[PDB]
Amino acid sequence: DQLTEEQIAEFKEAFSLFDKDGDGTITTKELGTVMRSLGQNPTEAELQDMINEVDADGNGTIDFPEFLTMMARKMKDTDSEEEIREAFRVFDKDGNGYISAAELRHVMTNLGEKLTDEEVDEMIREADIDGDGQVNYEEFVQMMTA
Amino acid sequence: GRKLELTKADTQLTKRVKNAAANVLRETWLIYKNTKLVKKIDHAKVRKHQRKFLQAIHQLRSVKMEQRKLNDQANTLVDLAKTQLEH
Ligand SMILES: Nc1nc2ccc(OC(F)(F)F)cc2s1
Ligand SMILES: [Ca+2]
Ligand SMILES: [Ca+2]
């Protein structure tokens, strides 16, 4: 419900991440492109619902003041520790709270966007606190989110 | 900065809610009446109202899941906009 001067300028830059063809408005078509660029697949009705929840004048598009207004309502952030721990748990084959340094390389060099073997070495150096070649991922996530 | 933190968590959907919620009230009443306020339980009647009851309850669950989906799509866009606060 309250925004600073610095935040208004930064949210102007954010508006450009959404206004793809640069005409000062966000359409359902532009919103669909941005959402798909984030690996999401909103339906036509979901895109129209997102436009309609923030479009006050009912012209079917989002302008900068409507965009800024909705940002004010959701400024509150929360820690992501539990969610990140749940992403590590996907790779905990035996559900014992550990992922070996070998399994971490196997996952990080083959799945998603990937890390190089050298980047994996830097991550394991930090993650493997005990130097036992095993990562207690609850502890590692707690360290990163501290 | 924000580091690893993220944003803290329509006439058509409203219409779906009101009709389904009225149907939950209708069917809860009719199952109650046909199981507790009758001298002889008619099982064909109970089966019919149980089918209408489950369909209304599951319609309300479907709307609630759709509202949670819409809310996370909105949180995704707010999270993307908040990346520009990193300066
Ligand atoms: N209830 C809602 N809050 C928001 C906040 C931001 C938003 O992104 C957009 F880019 F459309 F502005 C959509 C919505 S729908
Ligand atoms: Ca535009
Ligand atoms: Ca508008």
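Chain A is the first sequence line, chain B the second, and so forth, proteins listed ahead of strands; every chain is numbered from 1. Heavy atoms only: backbone and side chains are in, while hydrogens, waters and symmetry mates are out.
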- Query: Is the number of heavy atoms from other residues, nucleotides or ligands within 6.0 Å of NE2 (B:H87) greater than 12?
  - Reply: yes
- Query: Which residues in residues 67-77 of chain B have any heavy atom lying under 4.5 Å from a heavy atom of chain A?
  - Reply: B:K69, B:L70, B:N71, B:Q73, B:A74, B:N75, B:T76, B:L77
- Please indicate whether A:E5 has more than 12 foreign heavy atoms, meaning atoms of other residues, nucleotides or ligands, lying under 6.0 Å from its CD. no
- Answer yes if A:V135 and A:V90 sit in the same cluster of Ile, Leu, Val, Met, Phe, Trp and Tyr residues linked by side chain heavy atoms under 4.5 Å apart, and no otherwise. yes
- Query: Would one find more than 12 heavy atoms of other residues, nucleotides or ligands at under 6.0 Å from atom CZ of A:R85?
  - Reply: yes
- Message: Does any backbone or side-chain atom of A:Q40 lie under 4.5 Å from a heavy atom of chain B? Answer side chain, backbone, both or neither.
- Response: side chain
- Structural part of A:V34 lying under 4.5 Å from a heavy atom of chain B: side chain
- Message: Test of understanding: clusters of I, L, V, M, F, W, Y form through side-chain heavy atoms closer than 4.5 Å, transitively. Do B:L54 and B:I57 belong to the same one?
- Response: no
- Can you tell which part of A:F67 gets under 4.5 Å to a heavy atom of chain B, answering side chain, backbone, both or neither? side chain
- Query: So if you build clusters from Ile, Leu, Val, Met, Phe, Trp, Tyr with side-chain heavy-atom gaps below 4.5 Å, do B:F53 and B:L30 land together?
  - Reply: no
- Note on the structure: Per-residue tally against chain B (heavy atom, under 4.5 Å) across A:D49, A:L31, A:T78 peaks at A:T78
- Indicate, with yes or no, if B:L37 and B:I31 share a hydrophobic cluster defined by side-chain heavy-atom contacts under 4.5 Å among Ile, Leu, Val, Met, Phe, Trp and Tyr. no
- May I ask you to check whether over 12 heavy atoms, not counting those of B:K48, lie within 6.0 Å of atom NZ? no
- Message: Distance check, rounded to the nearest 0.5 Å: A:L17 atom CG versus B:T83 atom OG1?
- Response: 6.0 Å
- Going by heavy atoms in the side chains, are B:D10 and A:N52 under 4.5 Å from each other? no
- Item | SB check B:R2 A:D77 (cutoff 4.0 Å) | yes
- Message: Could you check whether atom CD of A:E82 has more than 12 heavy atoms from other residues, nucleotides or ligands sitting under 6.0 Å from it?
- Response: yes
- Query: Cluster question for you: counting only ILVMFWY and a side-chain heavy-atom cut-off of under 4.5 Å, with indirect links fine, are B:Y32 and B:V38 together?
  - Reply: no
- Item | side chain to side chain contact (heavy atoms under 4.5 Å, CB included), paired with B:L85, selected from A:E13, A:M71, A:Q7 | A:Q7
- For the student: nearest non-hydrogen atoms of A:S80 and B:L4, plus distance: OG-O, 2.7 Å
- Query: At a heavy-atom separation under 4.5 Å, does B:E86 approach chain A through its side chain, its backbone, both, or neither?
  - Reply: neither
- Query: Below 4.5 Å, heavy atoms only, C-beta onward: do B:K8 and A:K74 meet side chain to side chain?
  - Reply: no
- Proximal to chain B - members of residues 104-127 of chain A, heavy-atom separation under 4.5 Å: none
- Task: Decide if atom CD of B:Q12 counts as having more than 12 heavy atoms of other residues, nucleotides or ligands within a radius under 6.0 Å.
- Result: no
- How many angstroms lie between atom CD of B:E5 and atom CD of A:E81, to the nearest 0.5 angstrom? 11.5 Å
